[PDB]
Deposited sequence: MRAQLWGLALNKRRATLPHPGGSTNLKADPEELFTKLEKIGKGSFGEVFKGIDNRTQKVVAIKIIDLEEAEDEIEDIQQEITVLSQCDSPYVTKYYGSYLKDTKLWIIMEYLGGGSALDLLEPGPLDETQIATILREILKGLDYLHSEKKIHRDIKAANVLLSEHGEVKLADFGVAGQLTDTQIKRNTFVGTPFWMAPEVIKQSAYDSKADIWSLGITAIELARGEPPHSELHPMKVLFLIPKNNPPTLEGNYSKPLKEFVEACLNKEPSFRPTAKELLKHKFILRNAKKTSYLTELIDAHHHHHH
């Protein structure tokens, strides 16, 4: 965290583009390179109880160096406000790209494959993402797919062992990936109609969700593989990258620009 430099001289703050954990996010311009950045501004007096979680997320992102993880450029403190500078991804989130209509299985498989490449990287680095969901998967304007917003070390994407506060590992991300697969196929996670407190006991109580609808058997089996109540029965990210659903359906990420365009024309 840079304490002398004035982020308001270094960056031009433009329109709001989201609301993440602990503050609002803006499109911005790096005034020296003219590159577009994403800027989160957190007021450290209003978000005092969460400062350690913010620091922890910055530390983790600063240790990542992967095409599949959104880049962290640095942070600045001006008066009471912490500016966090991230890579800007102009395709938006995968959740956004669900708005014009359903994804086809090639789009689903391509997005899941790239998420798996990010998880393979993190898990190989002995890291856990902890908040895999379509809202936290960002696309560049070229169709590149990257992970954003790590969870701190809403219940719909949480593995049962995470809810039961059991010691969990990277297989919790594999469960969340299975929920995200359903969300990419159907538009919403399981139980999305229910009150979160009900979901909190339904996830440990119920059999795991399945993907319902006219979807290929390999996609249903991909979901089933991820959504096993027993974490040791969930495959690794490495293994899921070789799953038949991925191998038979995933294509070049550049094809996802058609998905981004469809979202542009829908608005």
Checklist outcome for this item: Note to self, deposited ranges with zero CA coordinates are 1 to 23, 177 to 191, 306
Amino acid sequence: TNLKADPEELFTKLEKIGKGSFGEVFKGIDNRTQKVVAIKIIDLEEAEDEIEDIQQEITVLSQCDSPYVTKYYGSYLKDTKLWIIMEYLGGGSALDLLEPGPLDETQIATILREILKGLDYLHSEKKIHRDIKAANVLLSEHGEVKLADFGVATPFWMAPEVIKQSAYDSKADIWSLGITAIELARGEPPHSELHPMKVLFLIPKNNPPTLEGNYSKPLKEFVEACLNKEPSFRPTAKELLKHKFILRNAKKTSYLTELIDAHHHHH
From here on, numbers count along this sequence of modelled residues.
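Just so we're on the same page, rigid core means the largest C-alpha set that superposes within 1.5 Å between forms.
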Item to check | Higher-deviation segment by CA RMS in 5 other deposited structures of this protein, core fitted, 71 to 79 or 105 to 113 | outcome: 71 to 79
Next on the checklist: Out of 244 to 252 and 7 to 15, which one drifts farther from the shown form in 5 other deposited structures of this protein in terms of CA positions, with the fit done on the rigid core?
Outcome noted: 7 to 15
Checklist entry - Relative to the other compared entries, is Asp65 without coordinates in a third or more of them? => result no
Checklist entry - Does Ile42 go missing in at least one third of the other entries compared here? => result no
Checklist outcome for this item: Averaging the C-alpha temperature factors as deposited, the higher value of 68 to 76 versus 173 to 181 falls on 68 to 76
Checklist entry - Mean CA B-factor: is it higher for 204 to 212 or for 51 to 59? => result 51 to 59
Next on the checklist: Take the CA temperature factors straight from the PDB entry and tell me which of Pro100, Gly143, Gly118, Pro190 peaks.
Outcome noted: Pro100
Checklist entry - Per the coordinate record, which of the options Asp131, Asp104, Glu125, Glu87 holds the highest CA temperature factor? => result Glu125
Checklist entry - If you rank every modelled residue in this chain by C-alpha B factor, which third holds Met158: lowest, middle or highest? => result middle
Checklist entry - Where does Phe11 sit by CA temperature factor within its chain: lowest, middle or highest third? => result middle
Next on the checklist: Please place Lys242 in the lowest, middle or highest third of its chain according to the CA B-factor in the PDB entry.
Outcome noted: middle
Checklist outcome for this item: Here the Cα B-factor of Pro196, set against its chain, lands in the third termed highest
Next on the checklist: Per the entry's values, where does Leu227 land by CA temperature factor relative to the rest of its chain, in the lowest, middle or highest third?
Outcome noted: lowest
